[PDB]
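J.: One file: work33.pdb (PDB, C-alpha atoms (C1' of nucleotides) and all ligand atoms).
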```pdb
ATOM      1  CA  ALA A  13      -0.328 -49.683 -18.373  1.00  0.00           C
ATOM      2  CA  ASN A  14      -0.758 -50.902 -14.809  1.00  0.00           C
ATOM      3  CA  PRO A  15      -4.349 -51.475 -13.640  1.00  0.00           C
ATOM      4  CA  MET A  16      -3.590 -49.280 -10.613  1.00  0.00           C
ATOM      5  CA  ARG A  17      -2.520 -46.038 -12.347  1.00  0.00           C
ATOM      6  CA  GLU A  18      -5.981 -44.753 -13.306  1.00  0.00           C
ATOM      7  CA  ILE A  19      -6.684 -41.102 -12.553  1.00  0.00           C
ATOM      8  CA  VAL A  20      -9.675 -40.456 -10.290  1.00  0.00           C
ATOM      9  CA  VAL A  21     -11.191 -37.342  -8.758  1.00  0.00           C
ATOM     10  CA  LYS A  22     -10.153 -37.086  -5.109  1.00  0.00           C
ATOM     11  CA  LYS A  23     -12.274 -34.207  -3.805  1.00  0.00           C
ATOM     12  CA  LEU A  24     -14.352 -31.219  -4.879  1.00  0.00           C
ATOM     13  CA  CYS A  25     -14.117 -28.013  -2.845  1.00  0.00           C
ATOM     14  CA  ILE A  26     -16.791 -25.318  -3.174  1.00  0.00           C
ATOM     15  CA  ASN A  27     -16.005 -21.869  -1.785  1.00  0.00           C
ATOM     16  CA  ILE A  28     -18.212 -18.785  -1.484  1.00  0.00           C
ATOM     17  CA  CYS A  29     -16.407 -15.596  -0.421  1.00  0.00           C
ATOM     18  CA  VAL A  30     -19.154 -13.077   0.307  1.00  0.00           C
ATOM     19  CA  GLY A  31     -16.819 -10.853   2.331  1.00  0.00           C
ATOM     20  CA  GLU A  32     -19.427 -10.142   5.007  1.00  0.00           C
ATOM     21  CA  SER A  33     -20.934 -11.536   8.199  1.00  0.00           C
ATOM     22  CA  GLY A  34     -24.648 -11.576   8.946  1.00  0.00           C
ATOM     23  CA  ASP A  35     -27.742 -12.597   7.003  1.00  0.00           C
ATOM     24  CA  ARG A  36     -25.790 -12.830   3.739  1.00  0.00           C
ATOM     25  CA  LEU A  37     -23.593 -15.558   5.218  1.00  0.00           C
ATOM     26  CA  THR A  38     -26.672 -17.272   6.661  1.00  0.00           C
ATOM     27  CA  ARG A  39     -28.319 -17.432   3.237  1.00  0.00           C
ATOM     28  CA  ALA A  40     -25.081 -18.593   1.604  1.00  0.00           C
ATOM     29  CA  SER A  41     -24.633 -21.348   4.190  1.00  0.00           C
ATOM     30  CA  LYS A  42     -28.145 -22.614   3.477  1.00  0.00           C
ATOM     31  CA  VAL A  43     -27.631 -22.364  -0.295  1.00  0.00           C
ATOM     32  CA  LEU A  44     -24.509 -24.531  -0.116  1.00  0.00           C
ATOM     33  CA  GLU A  45     -26.398 -26.993   2.091  1.00  0.00           C
ATOM     34  CA  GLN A  46     -29.100 -27.556  -0.532  1.00  0.00           C
ATOM     35  CA  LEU A  47     -26.482 -27.825  -3.281  1.00  0.00           C
ATOM     36  CA  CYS A  48     -24.352 -30.609  -1.781  1.00  0.00           C
ATOM     37  CA  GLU A  49     -26.733 -32.037   0.869  1.00  0.00           C
ATOM     38  CA  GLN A  50     -23.992 -31.828   3.498  1.00  0.00           C
ATOM     39  CA  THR A  51     -23.280 -29.411   6.339  1.00  0.00           C
ATOM     40  CA  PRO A  52     -20.872 -26.576   5.420  1.00  0.00           C
ATOM     41  CA  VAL A  53     -18.319 -24.761   7.594  1.00  0.00           C
ATOM     42  CA  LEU A  54     -17.460 -21.089   7.997  1.00  0.00           C
ATOM     43  CA  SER A  55     -13.990 -19.737   7.209  1.00  0.00           C
ATOM     44  CA  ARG A  56     -12.748 -16.571   8.914  1.00  0.00           C
ATOM     45  CA  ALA A  57      -9.733 -14.312   8.447  1.00  0.00           C
ATOM     46  CA  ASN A  69     -12.703 -13.116  13.796  1.00  0.00           C
ATOM     47  CA  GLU A  70     -14.538 -11.608  10.828  1.00  0.00           C
ATOM     48  CA  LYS A  71     -16.428 -14.613   9.345  1.00  0.00           C
ATOM     49  CA  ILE A  72     -15.700 -13.711   5.741  1.00  0.00           C
ATOM     50  CA  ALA A  73     -16.625 -16.827   3.762  1.00  0.00           C
ATOM     51  CA  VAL A  74     -18.224 -20.277   3.786  1.00  0.00           C
ATOM     52  CA  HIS A  75     -16.992 -23.456   2.121  1.00  0.00           C
ATOM     53  CA  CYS A  76     -17.318 -27.234   1.993  1.00  0.00           C
ATOM     54  CA  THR A  77     -15.499 -30.217   0.495  1.00  0.00           C
ATOM     55  CA  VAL A  78     -17.249 -33.018  -1.399  1.00  0.00           C
ATOM     56  CA  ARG A  79     -15.742 -36.403  -2.277  1.00  0.00           C
ATOM     57  CA  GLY A  80     -17.425 -39.436  -3.802  1.00  0.00           C
ATOM     58  CA  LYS A  81     -20.184 -39.941  -6.358  1.00  0.00           C
ATOM     59  CA  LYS A  82     -21.947 -36.721  -5.350  1.00  0.00           C
ATOM     60  CA  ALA A  83     -18.685 -34.966  -6.212  1.00  0.00           C
ATOM     61  CA  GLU A  84     -18.906 -36.400  -9.734  1.00  0.00           C
ATOM     62  CA  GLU A  85     -22.542 -35.345 -10.186  1.00  0.00           C
ATOM     63  CA  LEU A  86     -21.856 -31.833  -8.898  1.00  0.00           C
ATOM     64  CA  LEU A  87     -18.847 -31.609 -11.216  1.00  0.00           C
ATOM     65  CA  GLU A  88     -21.028 -32.598 -14.178  1.00  0.00           C
ATOM     66  CA  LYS A  89     -23.605 -29.902 -13.405  1.00  0.00           C
ATOM     67  CA  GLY A  90     -20.954 -27.199 -13.099  1.00  0.00           C
ATOM     68  CA  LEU A  91     -19.308 -28.272 -16.348  1.00  0.00           C
ATOM     69  CA  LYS A  92     -22.677 -28.091 -18.113  1.00  0.00           C
ATOM     70  CA  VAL A  93     -22.962 -24.443 -17.068  1.00  0.00           C
ATOM     71  CA  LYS A  94     -19.389 -23.814 -18.245  1.00  0.00           C
ATOM     72  CA  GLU A  95     -20.302 -25.320 -21.659  1.00  0.00           C
ATOM     73  CA  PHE A  96     -17.767 -28.169 -21.240  1.00  0.00           C
ATOM     74  CA  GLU A  97     -14.924 -25.837 -22.266  1.00  0.00           C
ATOM     75  CA  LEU A  98     -11.976 -24.619 -20.196  1.00  0.00           C
ATOM     76  CA  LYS A  99      -8.867 -22.544 -20.790  1.00  0.00           C
ATOM     77  CA  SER A 100      -5.388 -24.051 -20.885  1.00  0.00           C
ATOM     78  CA  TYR A 101      -4.091 -21.893 -18.027  1.00  0.00           C
ATOM     79  CA  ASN A 102      -6.956 -22.965 -15.747  1.00  0.00           C
ATOM     80  CA  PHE A 103      -4.905 -26.080 -14.949  1.00  0.00           C
ATOM     81  CA  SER A 104      -1.958 -26.376 -12.569  1.00  0.00           C
ATOM     82  CA  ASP A 105       1.354 -28.223 -12.576  1.00  0.00           C
ATOM     83  CA  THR A 106       0.248 -30.043  -9.416  1.00  0.00           C
ATOM     84  CA  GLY A 107      -2.414 -31.913 -11.383  1.00  0.00           C
ATOM     85  CA  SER A 108      -5.575 -30.073 -10.380  1.00  0.00           C
ATOM     86  CA  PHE A 109      -7.732 -27.424 -12.027  1.00  0.00           C
ATOM     87  CA  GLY A 110     -10.758 -25.299 -11.235  1.00  0.00           C
ATOM     88  CA  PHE A 111     -13.192 -22.638 -12.373  1.00  0.00           C
ATOM     89  CA  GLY A 112     -16.172 -20.680 -11.090  1.00  0.00           C
ATOM     90  CA  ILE A 113     -19.789 -19.946 -11.935  1.00  0.00           C
ATOM     91  CA  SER A 114     -21.510 -16.620 -11.331  1.00  0.00           C
ATOM     92  CA  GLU A 115     -25.186 -17.566 -10.875  1.00  0.00           C
ATOM     93  CA  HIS A 116     -26.574 -20.393  -8.776  1.00  0.00           C
ATOM     94  CA  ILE A 117     -29.876 -19.962 -10.634  1.00  0.00           C
ATOM     95  CA  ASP A 118     -28.160 -20.999 -13.877  1.00  0.00           C
ATOM     96  CA  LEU A 119     -27.285 -24.253 -12.089  1.00  0.00           C
ATOM     97  CA  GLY A 120     -31.000 -25.089 -12.323  1.00  0.00           C
ATOM     98  CA  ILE A 121     -31.812 -24.513  -8.648  1.00  0.00           C
ATOM     99  CA  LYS A 122     -35.216 -22.912  -8.148  1.00  0.00           C
ATOM    100  CA  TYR A 123     -35.201 -19.180  -7.450  1.00  0.00           C
ATOM    101  CA  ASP A 124     -36.710 -17.803  -4.253  1.00  0.00           C
ATOM    102  CA  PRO A 125     -36.771 -13.977  -4.088  1.00  0.00           C
ATOM    103  CA  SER A 126     -35.288 -14.032  -0.591  1.00  0.00           C
ATOM    104  CA  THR A 127     -31.857 -15.652  -0.929  1.00  0.00           C
ATOM    105  CA  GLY A 128     -30.963 -13.751  -4.093  1.00  0.00           C
ATOM    106  CA  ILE A 129     -28.264 -14.787  -6.571  1.00  0.00           C
ATOM    107  CA  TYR A 130     -24.832 -16.082  -5.561  1.00  0.00           C
ATOM    108  CA  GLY A 131     -21.675 -17.347  -7.216  1.00  0.00           C
ATOM    109  CA  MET A 132     -19.124 -19.948  -6.227  1.00  0.00           C
ATOM    110  CA  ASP A 133     -15.682 -21.316  -7.050  1.00  0.00           C
ATOM    111  CA  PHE A 134     -15.146 -24.986  -7.910  1.00  0.00           C
ATOM    112  CA  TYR A 135     -11.835 -26.775  -7.388  1.00  0.00           C
ATOM    113  CA  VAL A 136     -11.186 -30.424  -8.238  1.00  0.00           C
ATOM    114  CA  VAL A 137      -8.135 -32.451  -7.180  1.00  0.00           C
ATOM    115  CA  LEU A 138      -7.006 -35.479  -9.187  1.00  0.00           C
ATOM    116  CA  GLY A 139      -4.664 -38.262  -8.157  1.00  0.00           C
ATOM    117  CA  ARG A 140      -3.888 -41.955  -8.248  1.00  0.00           C
ATOM    118  CA  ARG A 141      -4.593 -44.574  -5.574  1.00  0.00           C
ATOM    119  CA  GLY A 142      -1.298 -44.336  -3.662  1.00  0.00           C
ATOM    120  CA  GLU A 143      -1.788 -40.920  -2.041  1.00  0.00           C
ATOM    121  CA  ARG A 144      -2.547 -42.461   1.372  1.00  0.00           C
ATOM    122  CA  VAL A 145       1.184 -42.942   2.017  1.00  0.00           C
ATOM    123  CA  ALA A 146       1.812 -39.202   2.335  1.00  0.00           C
ATOM    124  CA  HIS A 147      -1.196 -38.761   4.657  1.00  0.00           C
ATOM    125  CA  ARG A 148      -1.213 -41.756   7.020  1.00  0.00           C
ATOM    126  CA  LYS A 149      -0.064 -41.126  10.579  1.00  0.00           C
ATOM    127  CA  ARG A 150       2.377 -44.046  10.884  1.00  0.00           C
ATOM    128  CA  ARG A 151       5.336 -44.434   8.496  1.00  0.00           C
ATOM    129  CA  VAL A 152       4.602 -41.351   6.410  1.00  0.00           C
ATOM    130  CA  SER A 153       6.665 -41.035   3.229  1.00  0.00           C
ATOM    131  CA  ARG A 154       6.675 -39.308  -0.161  1.00  0.00           C
ATOM    132  CA  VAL A 155       4.683 -40.401  -3.197  1.00  0.00           C
ATOM    133  CA  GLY A 156       7.310 -40.634  -5.939  1.00  0.00           C
ATOM    134  CA  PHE A 157       8.006 -38.800  -9.174  1.00  0.00           C
ATOM    135  CA  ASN A 158       6.480 -41.426 -11.479  1.00  0.00           C
ATOM    136  CA  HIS A 159       3.257 -41.751  -9.477  1.00  0.00           C
ATOM    137  CA  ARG A 160       2.709 -37.984  -9.318  1.00  0.00           C
ATOM    138  CA  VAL A 161       0.078 -36.617 -11.695  1.00  0.00           C
ATOM    139  CA  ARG A 162       1.419 -34.044 -14.151  1.00  0.00           C
ATOM    140  CA  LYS A 163      -0.429 -31.237 -15.904  1.00  0.00           C
ATOM    141  CA  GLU A 164      -0.407 -32.955 -19.304  1.00  0.00           C
ATOM    142  CA  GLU A 165      -1.951 -36.094 -17.809  1.00  0.00           C
ATOM    143  CA  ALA A 166      -4.636 -33.933 -16.190  1.00  0.00           C
ATOM    144  CA  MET A 167      -5.472 -32.197 -19.476  1.00  0.00           C
ATOM    145  CA  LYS A 168      -5.580 -35.535 -21.308  1.00  0.00           C
ATOM    146  CA  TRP A 169      -7.932 -36.906 -18.645  1.00  0.00           C
ATOM    147  CA  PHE A 170     -10.236 -33.915 -19.125  1.00  0.00           C
ATOM    148  CA  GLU A 171     -10.145 -34.490 -22.885  1.00  0.00           C
ATOM    149  CA  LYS A 172     -11.149 -38.154 -22.588  1.00  0.00           C
ATOM    150  CA  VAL A 173     -14.190 -37.502 -20.368  1.00  0.00           C
ATOM    151  CA  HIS A 174     -16.084 -34.199 -20.593  1.00  0.00           C
ATOM    152  CA  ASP A 175     -14.200 -33.249 -23.740  1.00  0.00           C
ATOM    153  CA  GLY A 176     -13.342 -29.683 -24.709  1.00  0.00           C
ATOM    154  CA  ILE A 177     -10.390 -27.339 -24.163  1.00  0.00           C
ATOM    155  CA  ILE A 178      -8.919 -24.159 -25.651  1.00  0.00           C
ATOM    156  CA  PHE A 179      -5.286 -23.048 -25.418  1.00  0.00           C
TER
ATOM    157  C1'   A B   1      12.114  28.593  71.874  1.00  0.00           C
ATOM    158  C1'   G B   2      14.687  24.119  70.252  1.00  0.00           C
ATOM    159  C1'   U B   3      16.465  21.262  66.086  1.00  0.00           C
ATOM    160  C1'   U B   4      17.298  19.684  61.063  1.00  0.00           C
ATOM    161  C1'   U B   5      18.105  20.976  56.103  1.00  0.00           C
ATOM    162  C1'   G B   6      21.088  12.990  52.378  1.00  0.00           C
ATOM    163  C1'   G B   7      25.310  10.536  49.535  1.00  0.00           C
ATOM    164  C1'   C B   8      28.470   9.505  45.290  1.00  0.00           C
ATOM    165  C1'   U B   9      31.288  13.088  42.370  1.00  0.00           C
ATOM    166  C1'   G B  10      38.493  13.767  37.605  1.00  0.00           C
ATOM    167  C1'   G B  11      37.292  20.478  43.640  1.00  0.00           C
ATOM    168  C1'   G B  12      32.266  22.006  45.029  1.00  0.00           C
ATOM    169  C1'   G B  13      27.408  23.555  42.690  1.00  0.00           C
ATOM    170  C1'   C B  14      23.720  22.606  38.567  1.00  0.00           C
ATOM    171  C1'   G B  15      23.123  17.966  35.933  1.00  0.00           C
ATOM    172  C1'   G B  16      22.951  12.472  36.310  1.00  0.00           C
ATOM    173  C1'   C B  17      22.241   7.726  39.430  1.00  0.00           C
ATOM    174  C1'   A B  18      27.158   4.585  38.224  1.00  0.00           C
ATOM    175  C1'   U B  19      22.503   4.437  45.850  1.00  0.00           C
ATOM    176  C1'   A B  20      18.752  -2.129  45.852  1.00  0.00           C
ATOM    177  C1'   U B  21      18.935  -5.063  41.189  1.00  0.00           C
ATOM    178  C1'   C B  22      18.678  -8.369  35.495  1.00  0.00           C
ATOM    179  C1'   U B  23      20.850  -9.694  30.080  1.00  0.00           C
ATOM    180  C1'   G B  24      25.037  -9.116  26.209  1.00  0.00           C
ATOM    181  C1'   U B  25      30.030  -6.939  26.126  1.00  0.00           C
ATOM    182  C1'   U B  26      34.566  -4.820  28.604  1.00  0.00           C
ATOM    183  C1'   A B  27      36.851  -9.860  30.729  1.00  0.00           C
ATOM    184  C1'   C B  28      42.717 -11.647  28.760  1.00  0.00           C
ATOM    185  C1'   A B  29      39.003 -20.118  26.127  1.00  0.00           C
ATOM    186  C1'   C B  30      38.015 -22.881  34.775  1.00  0.00           C
ATOM    187  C1'   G B  31      36.211 -19.357  38.535  1.00  0.00           C
ATOM    188  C1'   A B  32      36.800 -14.025  40.003  1.00  0.00           C
ATOM    189  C1'   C B  33      37.839  -8.820  37.884  1.00  0.00           C
ATOM    190  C1'   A B  34      37.166  -1.630  37.891  1.00  0.00           C
ATOM    191  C1'   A B  35      35.589   3.288  35.587  1.00  0.00           C
ATOM    192  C1'   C B  36      29.950   9.650  35.886  1.00  0.00           C
ATOM    193  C1'   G B  37      32.712   2.435  30.627  1.00  0.00           C
ATOM    194  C1'   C B  38      29.213   0.613  25.994  1.00  0.00           C
ATOM    195  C1'   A B  39      24.036  -1.266  24.277  1.00  0.00           C
ATOM    196  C1'   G B  40      19.420  -2.114  26.999  1.00  0.00           C
ATOM    197  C1'   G B  41      15.907  -3.368  31.305  1.00  0.00           C
ATOM    198  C1'   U B  42      13.339  -3.841  36.641  1.00  0.00           C
ATOM    199  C1'   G B  43       9.012  -1.963  41.335  1.00  0.00           C
ATOM    200  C1'   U B  44       4.693  -4.603  36.761  1.00  0.00           C
ATOM    201  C1'   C B  45       1.243  -8.277  34.135  1.00  0.00           C
ATOM    202  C1'   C B  46      -1.727 -13.306  34.077  1.00  0.00           C
ATOM    203  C1'   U B  47      -8.184 -17.991  36.881  1.00  0.00           C
ATOM    204  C1'   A B  48      -5.244 -18.178  32.763  1.00  0.00           C
ATOM    205  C1'   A B  49      -0.796 -16.066  29.932  1.00  0.00           C
ATOM    206  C1'   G B  50      -0.989 -21.819  35.909  1.00  0.00           C
ATOM    207  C1'   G B  51      -1.552 -28.069  35.633  1.00  0.00           C
ATOM    208  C1'   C B  52      -2.240 -32.269  32.347  1.00  0.00           C
ATOM    209  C1'   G B  53      -3.897 -35.418  27.922  1.00  0.00           C
ATOM    210  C1'   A B  54      -4.791 -35.311  22.766  1.00  0.00           C
ATOM    211  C1'   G B  55      -4.534 -33.417  17.834  1.00  0.00           C
ATOM    212  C1'   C B  56      -1.667 -30.326  14.661  1.00  0.00           C
ATOM    213  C1'   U B  57       2.755 -27.470  12.473  1.00  0.00           C
ATOM    214  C1'   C B  58       5.232 -22.343  12.153  1.00  0.00           C
ATOM    215  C1'   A B  59       7.806 -17.628   9.136  1.00  0.00           C
ATOM    216  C1'   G B  60       7.970 -17.778   4.102  1.00  0.00           C
ATOM    217  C1'   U B  61       7.885 -19.379  -1.190  1.00  0.00           C
ATOM    218  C1'   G B  62       5.775 -21.295  -5.740  1.00  0.00           C
ATOM    219  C1'   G B  63       1.522 -23.379  -9.109  1.00  0.00           C
ATOM    220  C1'   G B  64      -4.104 -22.825  -9.563  1.00  0.00           C
ATOM    221  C1'   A B  65     -10.258 -20.362  -8.451  1.00  0.00           C
ATOM    222  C1'   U B  66     -10.631 -16.579   1.377  1.00  0.00           C
ATOM    223  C1'   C B  67     -10.166 -22.130  -0.874  1.00  0.00           C
ATOM    224  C1'   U B  68      -6.393 -26.079  -2.773  1.00  0.00           C
ATOM    225  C1'   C B  69      -1.458 -28.729  -3.685  1.00  0.00           C
ATOM    226  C1'   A B  70       3.898 -29.002  -3.015  1.00  0.00           C
ATOM    227  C1'   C B  71       8.360 -27.305  -0.635  1.00  0.00           C
ATOM    228  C1'   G B  72       9.777 -25.486   3.849  1.00  0.00           C
ATOM    229  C1'   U B  73      16.170 -27.348  10.291  1.00  0.00           C
ATOM    230  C1'   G B  74      12.783 -23.096  12.534  1.00  0.00           C
TER
HETATM  231 MG    MG C 201      29.201  15.617  49.082  1.00  0.00          MG
END
```
Could you take the file, read its structure, and then write that structure out as structure tokens?
T.:
Amino acid sequence: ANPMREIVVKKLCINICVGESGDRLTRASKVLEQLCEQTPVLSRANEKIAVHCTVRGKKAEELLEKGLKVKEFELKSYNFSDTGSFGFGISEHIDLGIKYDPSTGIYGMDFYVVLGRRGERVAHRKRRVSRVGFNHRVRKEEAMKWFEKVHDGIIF
RNA sequence: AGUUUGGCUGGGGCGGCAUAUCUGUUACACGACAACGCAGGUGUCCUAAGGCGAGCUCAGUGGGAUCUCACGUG
């Protein structure tokens, strides 16, 4: 329809919940740094439980492609959400292709990807904030269709 | 040897503090109003838990793998 209703990926959030503070977190923070080439931040309950980072842009697309390759380009139907975003997780960072050093060990991570159109600034700008609108909101069926068009594969 | 050995009090004593004080109610829509009336507090604590600028939004609920989106008059 309109040349302004295309669905694009907004951001990619990678989370690693080791559940501990110390050297394990230090290795995880480095591992995320090599993966996305961008400084991560630590999330605490205080306790310093987990580390995470958010990636948006082309490097988000490339990282999404690598994770989908591990997941064999297939996802379950209930992995999606009515908001318009989905996600998954991989268990081994070595299976991502990253070289193995017998010091860091093997870690997993959770991938979340948020989709949306180009009008989402209205709900986030400081001045004259408003709501998006029912038509412009991305539904689950549109999200699943978008995943079928590019990076095809789904199972109900 | 000299002197003292509290008060209030449905007698006095034992008990309690109604002995200096703060909130709601008794209290009768200005103000004031008693009982050993009712439900509870006070003798402390804080170089920040004081002063100001900026940024942000809480309790909770729902959909997804601590992270993410939406709702959310308190
Ligand atoms: Mg007397």
J.: Pick out the residues no farther than 12 Å from ligand MG 201 (chain C), counting all atoms listed in the file, and list them as a PyMOL selection string.
T.: chain B and resi 6-9+11-13
J.: Enumerate as a ChimeraX atom specification the residues belonging to chain A that approach chain B to within 6 Å, with all atoms listed in the file taken into account.
T.: /A:27,104-105,110-111,133
J.: Might you spell out which residues the PyMOL selection byres (((chain A and resi 40) around 9) and not hetatm) would select in the displayed file, as a PDB file with C-alpha atoms, in the coordinates of the input?
T.:
```pdb
ATOM      1  CA  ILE A  28     -18.212 -18.785  -1.484  1.00  0.00           C
ATOM      2  CA  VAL A  30     -19.154 -13.077   0.307  1.00  0.00           C
ATOM      3  CA  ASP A  35     -27.742 -12.597   7.003  1.00  0.00           C
ATOM      4  CA  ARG A  36     -25.790 -12.830   3.739  1.00  0.00           C
ATOM      5  CA  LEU A  37     -23.593 -15.558   5.218  1.00  0.00           C
ATOM      6  CA  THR A  38     -26.672 -17.272   6.661  1.00  0.00           C
ATOM      7  CA  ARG A  39     -28.319 -17.432   3.237  1.00  0.00           C
ATOM      8  CA  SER A  41     -24.633 -21.348   4.190  1.00  0.00           C
ATOM      9  CA  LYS A  42     -28.145 -22.614   3.477  1.00  0.00           C
ATOM     10  CA  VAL A  43     -27.631 -22.364  -0.295  1.00  0.00           C
ATOM     11  CA  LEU A  44     -24.509 -24.531  -0.116  1.00  0.00           C
ATOM     12  CA  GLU A  45     -26.398 -26.993   2.091  1.00  0.00           C
ATOM     13  CA  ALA A  73     -16.625 -16.827   3.762  1.00  0.00           C
ATOM     14  CA  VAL A  74     -18.224 -20.277   3.786  1.00  0.00           C
ATOM     15  CA  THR A 127     -31.857 -15.652  -0.929  1.00  0.00           C
ATOM     16  CA  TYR A 130     -24.832 -16.082  -5.561  1.00  0.00           C
TER      17      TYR A 130
END
```
J.: Report as a tab-separated table (two decimals) with C-alpha atoms, in the frame of the given file the residues that result from applying the PyMOL selection byres (((chain A and resi 167-178) around 9) and not hetatm) to the structure here.
T.:
```tsv
chain	number	residue	atom	x	y	z
A	19	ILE	CA	-6.68	-41.10	-12.55
A	88	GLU	CA	-21.03	-32.60	-14.18
A	91	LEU	CA	-19.31	-28.27	-16.35
A	95	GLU	CA	-20.30	-25.32	-21.66
A	96	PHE	CA	-17.77	-28.17	-21.24
A	97	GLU	CA	-14.92	-25.84	-22.27
A	98	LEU	CA	-11.98	-24.62	-20.20
A	99	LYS	CA	-8.87	-22.54	-20.79
A	100	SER	CA	-5.39	-24.05	-20.88
A	103	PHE	CA	-4.90	-26.08	-14.95
A	107	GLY	CA	-2.41	-31.91	-11.38
A	162	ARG	CA	1.42	-34.04	-14.15
A	163	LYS	CA	-0.43	-31.24	-15.90
A	164	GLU	CA	-0.41	-32.96	-19.30
A	165	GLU	CA	-1.95	-36.09	-17.81
A	166	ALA	CA	-4.64	-33.93	-16.19
A	179	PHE	CA	-5.29	-23.05	-25.42
```
J.: Would you pick out the contacts of region 143-156 of chain A at 12 Å or less, using only C-alpha atoms (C1' of nucleotides), so that residues sharing its chain but fewer than 2 positions from it are not included, and give the list as an MDAnalysis selection string?
T.: (chainID A and resid 17 19:20 22 137:141 158:161) or (chainID B and resid 55:56 70)
J.: What gap, in Å, lies between CA of residue 24 (chain A) and CA of residue 69 (chain A)?
T.: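 Here the two named atoms are 26.1 Å from each other.
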